[PDB]
Every structure is written in structure tokens, then in C-alpha cells.
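Okay, so here's the structure we're looking at.
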Amino acid sequence: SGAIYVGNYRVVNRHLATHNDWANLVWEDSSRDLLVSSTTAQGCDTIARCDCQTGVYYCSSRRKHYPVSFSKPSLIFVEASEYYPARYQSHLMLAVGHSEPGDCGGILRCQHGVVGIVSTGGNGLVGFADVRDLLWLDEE
Ligand SMILES: CCNC(=O)c1cccc(NC(=O)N2CCC[C@H](C(N)=O)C2)c1
Ligand SMILES: [Zn+2]
């Protein structure tokens, strides 16, 4: 679990969105595994606007933050799960790191701010849904 709290937005994995998120919906995209809802309180996270390929992510199944090198956002085949059929997910970045299904939502960050959230993983792989192209998260 986990979310990004930037301005009056809450960014979560679409597959973990709550009823309150759907009832306060701003934007969602199944192909990216992202959903954004509106918040009453202002958040403290800031979004990175850069092309970093190194950063640090939070892994809840280890209670640890790990440094990682990650691929550029791209269209990656993701195996079938209880949340989606096997399909191509867009704007996904892969890295070597520990992950389990419940680690989705953990933040990936670089020197410029939040880069994305954990969205997939494998045997020693972790994948992150990028948010750096979502420029509207910085305003309204
Ligand atoms: C080969 C064994 N797999 C793992 O150890 C493992 C390790 C970490 C995660 C996963 N599951 C995973 O990526 N998703 C489940 C939730 C929905 C995600 C999506 N965005 O479509 C995809 C499997
Ligand atoms: Zn950066």
C-alpha cells in the first residue's frame, strides 16, 4: 500500500483505490495502473521533473529503502494477476530489487522529488509507475 500526497491530490495504484478514491476521482488510467483522487488537506510530497534513472524506493516487505537503477518509462508485458489479465502496462520502469505484491504504493524518489510508485515485481525485479510526465499534478 501507499500513496503520493502532492497539493490536493492523492496518487495511488488504480488496483488499490478505495471507494472514497472513486467517489472523489480526478483521473484514472488502467494501462498505467494509476488513479488520482482529490484531498481536503494539502500534501507535502513534490514531483520530480527530470530524466533520472537512479533513485531510492521504499520496500514495505523489508521495512527498508533501497537504491536502484531503473529503465526509462516504457510499454512492458505484465503477467496475469487477481487485479488484471496478462497485458502490456505503459509508462513502467523496471529495476533489480526485492518486491512482493503488497509493496505496491511505495515511493520511488530521486534528488528532484517523487518519480513514481511501486506497481509490479518479479523474482528479484521491481517495477514503478512513472508520474513525472503528469504536469498537472503541480497545479490547481
Ligand atoms: C514470479 C513471481 N512474482 C513475484 O514474485 C511478484 C513480485 C512482486 C509483485 C508481483 N505482482 C505484480 O507485479 N502485480 C500484482 C498486482 C498488480 C500489478 C500490475 N500493475 O498489473 C502486477 C509478483
Ligand atoms: Zn531526478
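Start counting the sequence shown at 7; every next residue gets the next number (the authors' numbering).
We put the beta carbon where it would ideally sit given N, CA and C, even for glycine.
Shortest gap from the CB of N14 to any heavy atom of ligand 1: 7 Å or more. Per DSSP, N19 is one residue of the beta strand (DSSP E) stretching across 10-19. Using a 10 angstroms sphere on the CB of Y63, the tally of other CB atoms reaches 16 or more, which defines it as buried. Here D136 is buried: its Cβ has 16 or more other Cβ atoms, across all protein chains shown, within 10 Å. With distances taken between CA atoms, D35 lies nearest to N19 out of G49, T24, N19. Taking all protein chains shown into account, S105 has 16 or more neighbouring C-beta atoms within 10 Å of its C-beta and is therefore buried.
A straight line joining the alpha-carbon of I10 with that of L131 spans about 22 Å. Per DSSP, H104 lies in no alpha helix (DSSP H) and is assigned neither H nor E. Shown here for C50: same chain residues with a beta carbon closer than 7 Å to its own, the five before and five after excluded, namely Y11 in chain order. Distance check between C116 and each of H25, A54, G103, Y15 places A54 closest, using alpha-carbon atoms only. Here the alpha carbon of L98 sits roughly 19 Å from the alpha carbon of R16. Distances from the CB of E106 to the heavy atoms of ligand 1 include at least one below 7 Å. Not one heavy atom of ligand 2 lies closer than 7 Å to the C-beta of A101.
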